[PDB]
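Undergrad: One structure is given below, represented as structure tokens, and several questions about it will come after.
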Amino acid sequence: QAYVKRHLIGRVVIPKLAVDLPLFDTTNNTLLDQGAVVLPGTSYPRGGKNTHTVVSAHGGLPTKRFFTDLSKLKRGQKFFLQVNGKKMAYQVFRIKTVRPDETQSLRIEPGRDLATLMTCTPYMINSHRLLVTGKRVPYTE
């Protein structure tokens, strides 16, 4: 909780991969899920000659999560669900952020073939829900 900020020294950023992770000066068990860590025995990252810092991070450390990813989806963009082989393409035509109880907008709409990618903000209470709805389109590229 407070130990995280006590050793947070900065940020590891890879622009070509859109990787933004916190950086910690120490290695610890409570940090493998938080971000990247400066390995002991290596240089502390100030730079300069005769310095070789080694920033380590768990291979499964999440660099991108679904809510932040889905929020970057725009109308007209396409997603698809493969189910038992068949790929069914859908084109985003609705994006709404609702209260966690406002599920009313999701219904069988007659004549339509719809698919909604739903996610909530990554906390539980007052968790506003992202509703990315799409209409069925042919599977192309």
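Following the order of the structure tokens, chains are lettered A, B, ..., residues in each are numbered from 1, and ligands are numbered from 1.
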Please, which residues in region 87-128 of chain A fall within 6 Å of region 79-83 of chain A when counting only C-alpha atoms, and what is the closest atom pair and distance in Å to one decimal for each, ordered by chain then residue number, as CSV?

TA:
```
residue,atom,partner,partner_atom,distance
A:87,CA,A:82,CA,4.2
A:88,CA,A:80,CA,5.3
A:89,CA,A:80,CA,4.1
A:90,CA,A:79,CA,5.4
```

Undergrad: Using the selection just defined, write its residues with C-alpha atoms as an mmCIF file, in the first residue's frame.

TA:
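This is the output file out29.cif:
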```
data_model
loop_
_atom_site.group_PDB
_atom_site.id
_atom_site.type_symbol
_atom_site.label_atom_id
_atom_site.label_comp_id
_atom_site.auth_asym_id
_atom_site.auth_seq_id
_atom_site.Cartn_x
_atom_site.Cartn_y
_atom_site.Cartn_z
ATOM 1 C CA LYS A 87 -15.985 -16.105 -37.351
ATOM 2 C CA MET A 88 -18.752 -13.510 -36.941
ATOM 3 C CA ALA A 89 -17.709 -9.922 -37.636
ATOM 4 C CA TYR A 90 -19.343 -6.939 -35.943
#
```

Undergrad: Find the spatial neighbours of residue 116 (chain A), counting only C-alpha atoms, within a cut-off of 6 Å - ignore same-chain residues fewer than 5 positions away - and output them as a list in words.

TA: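 That gives residues 132, 133 and 134 of chain A.
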
Undergrad: So that I have them on file, write out the residues from the current selection with N, CA and C atoms, as an mmCIF file, in the first residue's frame.

TA:
```cif
data_model
loop_
_atom_site.group_PDB
_atom_site.id
_atom_site.type_symbol
_atom_site.label_atom_id
_atom_site.label_comp_id
_atom_site.auth_asym_id
_atom_site.auth_seq_id
_atom_site.Cartn_x
_atom_site.Cartn_y
_atom_site.Cartn_z
ATOM 1 N N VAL A 132 -19.848 -1.359 -25.636
ATOM 2 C CA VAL A 132 -19.440 -1.200 -27.027
ATOM 3 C C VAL A 132 -20.274 -2.179 -27.848
ATOM 4 N N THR A 133 -21.301 -1.666 -28.518
ATOM 5 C CA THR A 133 -22.224 -2.482 -29.293
ATOM 6 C C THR A 133 -21.848 -2.451 -30.769
ATOM 7 N N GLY A 134 -21.989 -3.592 -31.432
ATOM 8 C CA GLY A 134 -21.672 -3.693 -32.841
ATOM 9 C C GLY A 134 -22.766 -4.393 -33.620
#
```

Undergrad: Which distance in Å separates CA of residue 53 (chain A) and CA of residue 23 (chain A), to one decimal?

TA: 12.1 Å

Undergrad: Nearest to residue 31 (chain A): which of A:50, A:140, A:56, A:43 is it, counting only C-alpha atoms?

TA: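 Among the listed residues, A:56 lies closest to residue 31 (chain A).
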
Undergrad: Between CA of residue 7 (chain A) and CA of residue 60 (chain A), what distance in Å does the model show, to one decimal?

TA: 21.4 Å

Undergrad: Contacts of residue 97 (chain A) at 10 Å or less, counting only C-alpha atoms, minus same-chain residues fewer than 4 places along, as a ChimeraX atom specification?

TA: /A:71,102,118-121,128-132

Undergrad: Would you please work out which residue, of A:101, A:137, A:61, A:114, is nearest to residue 76 (chain A) when using only C-alpha atoms?

TA: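 That would be A:137, the residue with the smallest distance to residue 76 (chain A).
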
Undergrad: Going by DSSP on the backbone, which bits of region 12-63 of chain A are strand (DSSP E or B)? Write them as a ChimeraX atom specification, please.

TA: /A:12-14,19-24,36-38,55-56

Undergrad: Excluding same-chain residues fewer than 5 positions from residue 59 (chain A), what lies within 12 Å of it counting only C-alpha atoms, as a PyMOL selection string?

TA: chain A and resi 32-33+35-36

Undergrad: Just want the 8 Å neighbourhood of residue 19 (chain A), counted on only C-alpha atoms, with same-chain residues fewer than 3 positions away dropped. Output as an NGL selection string.

TA: :A and (12-15 or 63-64)

Undergrad: Can those selected residues be exported to a file as a PDB file, in the first residue's frame so that it contains C-alpha atoms?

TA:
```pdb
ATOM      1  CA  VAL A  12       9.682   2.490 -17.873  1.00  0.00           C
ATOM      2  CA  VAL A  13       8.248   3.550 -21.233  1.00  0.00           C
ATOM      3  CA  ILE A  14       8.498   1.876 -24.640  1.00  0.00           C
ATOM      4  CA  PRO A  15       6.699   4.137 -27.144  1.00  0.00           C
ATOM      5  CA  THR A  63       1.116  -3.961 -19.994  1.00  0.00           C
ATOM      6  CA  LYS A  64      -2.386  -3.356 -21.401  1.00  0.00           C
TER       7      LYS A  64
END
```

Undergrad: I need the residue nearest residue 5 (chain A) from this list: A:39, A:18, A:25, A:127. Use only C-alpha atoms for the distance.

TA: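 Among the listed residues, the smallest separation from residue 5 (chain A) belongs to A:25.
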
Undergrad: Using only C-alpha atoms, which of the listed residues (A:54, A:91, A:45, A:65) sits closest to residue 77 (chain A)?

TA: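 Comparing A:54, A:91, A:45, A:65 against residue 77 (chain A), the winner is A:91.
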
Undergrad: Counting only C-alpha atoms, which of A:52, A:98, A:58, A:20 gets nearest to residue 37 (chain A)?

TA: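 The answer is A:58, which sits nearest to residue 37 (chain A).
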
Undergrad: Chain A: which residues are alpha helix (DSSP H) by DSSP, as a PyMOL selection string?

TA: chain A and resi 2-6+66-70
